[PDB]
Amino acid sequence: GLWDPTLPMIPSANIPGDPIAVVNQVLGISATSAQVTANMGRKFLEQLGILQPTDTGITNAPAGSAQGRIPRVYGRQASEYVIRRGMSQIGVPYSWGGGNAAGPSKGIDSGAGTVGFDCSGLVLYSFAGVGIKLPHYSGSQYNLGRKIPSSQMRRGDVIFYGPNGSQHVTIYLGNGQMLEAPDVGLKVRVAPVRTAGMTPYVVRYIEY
């Protein structure tokens, strides 16, 4: 009962630190997920008309706090942008360990020769668009943001599975549907919410 039994009943891929997200071999540049995320965060704050010289572009609230950089009045817009980014990846192949703040990527282990997303890769890619920086491991994502009782999950909240949220992670879309990068041989998809192995809390990264 600990796990969603439709997926491998093991911890999801755990990709350390701040991986390289962009490589341009012609120009000779590269940048990490955090760099991409900061840059998008600044762009998003600029689009809201609220960019300040003290803004790095990283917009996460301190873990557990209901207050964070993006004003609540702009939270719905931020959430919808995150969801639009995720939804724009419908049909991208699943890859174990795949994905970074810039888009799908080669995975690790199993997924080393496959460009795509895994569960936490898709979530971090989606949220990076508004400056929300997330580690590439579902268990670590579960420790960030603010807990909301799962029975009270709201569109844009993030659903976790397995002990400590280690098995799988998805974005709730409302109306009993969720966006996910599910398993080998599948693609990023909308699917009905599953409650087997679901943690008792969802995570909210954007207040509104």
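The first residue of the shown sequence is 1; numbering continues from there.
- For the two regions 14-22 and 187-195, the entry's Cα B-factors average higher over 14-22.
- Comparing 71-79 with 101-109, the stretch with the higher mean C-alpha B-factor in the PDB entry is 101-109.
- Of all the options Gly145, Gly156, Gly139, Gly28, the entry's greatest CA B-factor is assigned to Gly28.
- In this structure the maximum Cα B-factor among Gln152, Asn60, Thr32, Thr170 is found at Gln152.
- Sorting the modelled residues of the chain by their CA temperature factor places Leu179 in the lowest third.
- Per the PDB record, residue ranking by Cα B-factor puts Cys119 in the lowest third of the chain.
- The entry lists a Cα temperature factor for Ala66 that places it in the highest third of the chain's modelled residues.
- For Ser95, the recorded CA temperature factor ranks within the highest third of the chain's modelled residues.
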